Amino acid sequence: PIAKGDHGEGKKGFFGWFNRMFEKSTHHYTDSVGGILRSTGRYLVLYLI
């Protein structure tokens, strides 16, 4: 059973750090995709390449 909203960010040493930096990474990646979504056809040219 996992508590609602528990991402294990604040517990122990390595696993906690890993989860923090991971959610951080995924967030940066949502901003990344949400950033490239603004441009519909540069990565398309790259794709055809």
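Per 10 Å bin, what percent of the C-alpha pairs of the chain does each bin hold, from zero upward?
Histogram of Cα-Cα distances, whole percents per bin: 22, 30, 23, 17, 7.
Report, in deg cm²/dmol and to the nearest 500, the calculated mean residue ellipticity at 222 nm for the chain, where each DSSP H run with n ≥ 4 adds -39500 (n - 2.57) and the sum is divided by the residue count.
-20000 deg cm²/dmol, from helical runs alone.
Using the beta-carbon distance between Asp6 and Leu48 and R0 = 30 Å, what value does 1/(1 + (r/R0)^6) give for FRET efficiency, to the nearest 0.05?
In this case the efficiency is close to 0.10.
Considering only the other residues whose Cβ falls under 13 Å of the Cβ of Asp31, what net charge follows from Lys and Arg at +1 and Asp and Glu at -1?
+1
Rounded to the nearest 10 degrees, what's the angle between the helix 14-36 long axis and the longest principal axis of the chain, both from Cα atoms, 0 to 90?
That helix lies at roughly 20 degrees to the long axis.
For the pair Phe22/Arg38, report the inter-label distance in nm, with labels modelled 7 Å from Cα in the Cβ direction.
3.0
Once fully extended, how much extra length lies between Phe14 and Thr30, figured as 0.36 nm per residue of separation less the alpha-carbon to alpha-carbon distance?
Length gained between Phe14 and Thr30: 3.4 nm.
Where a number appears in this text, it was derived from the coordinates with a stated rule and is not lab data. All Cβ positions, even for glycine, are placed from backbone atoms using ideal geometry, and neighbour counts span all protein chains on display.
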